[PDB]
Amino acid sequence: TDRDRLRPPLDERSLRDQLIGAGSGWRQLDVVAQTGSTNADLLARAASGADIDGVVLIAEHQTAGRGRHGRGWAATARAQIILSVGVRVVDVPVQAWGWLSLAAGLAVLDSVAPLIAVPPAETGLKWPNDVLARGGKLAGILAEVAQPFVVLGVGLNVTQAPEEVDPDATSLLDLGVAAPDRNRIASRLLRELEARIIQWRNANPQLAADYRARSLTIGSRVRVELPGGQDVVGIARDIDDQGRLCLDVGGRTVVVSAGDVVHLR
């Protein structure tokens, strides 16, 4: 396609020079041509005894991508920023681990928001980990546990065409960003991610405050698809200290730890 000409390879050396060294918490960065799932790969390293804290794995292409709740993640080569990072979480209370996921989505959103000329409606964060722009899914986040670590996975559509992955998908290119530089975006993303992880680790109140400011879900009428198939309709009001969605259901409070959110009119 013509989008191929808009997809130059990542510069691994440059990313390492920018993100590994004094002032940065990242300890290792690798760009692989192809893998099944970057999340699976880092989990596998951890399972074999590796210290994956601050370790970054980026894949140009991902052939067996994983979504939440056993779903899939589709990609074509060089069309996305596909990465996983390792985070040591054992030093943080387990009840707060849910916010690490929310922090990641916030980091992704902040890294790409200024690239758009004018931000269209419905641009922000859908609970739990959807980056939305113009109602389309720009990025998906997946957090998986492997003691003492959490592996955070980001799939960000840069030039990815919606017809290649999902009808509800969008990308930076489809938002009007003519020539997105994945090297620059990856660098900005990982710098934002480091900051949010540090905030999360120290229970910084600004994390929750910043999340609320970008939330498309809070204040909206929603249908929440719960694990198991049940649907609950209400109005989203807040996120609690565990990262759970608090719903107003006819005056009753329903707190959801996991589910798929659909924003209603």
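All residue numbers refer to positions in the sequence shown, first residue = 1. The term rigid core refers to the most C-alpha atoms you can superpose between the two forms while keeping them within 1.5 Å.
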Per-stretch CA RMS vs shown form in 8 other deposited structures of this protein, rigid core as reference, larger of 120-128/134-142 is 120-128
Higher avg CA temperature factor (142-150 vs 110-118, as deposited) belongs to 110-118
Higher of the two mean Cα B-factors (10-18, 253-261; per PDB record) comes from 10-18
Member of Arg78, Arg184, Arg134, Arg88 with the greatest C-alpha B factor (per the PDB record)
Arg134
Name the one of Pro93, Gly155, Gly124, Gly105 with the greatest CA B-factor according to the PDB entry.
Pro93
Could you look up the Cα B-factor of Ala195 in the entry and say which third of the chain it sits in: lowest, middle or highest?
lowest
Chain third (lowest, middle, highest) by recorded CA B-factor, residue given as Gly65:
lowest
Where the record places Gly54 (Cα B-factor, split into thirds across the chain)
lowest
By the record's CA B-factor, is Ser101 among the lowest, middle or highest third of residues in the chain?
highest
What third of the chain, by the recorded C-alpha B-factor, contains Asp130?
middle
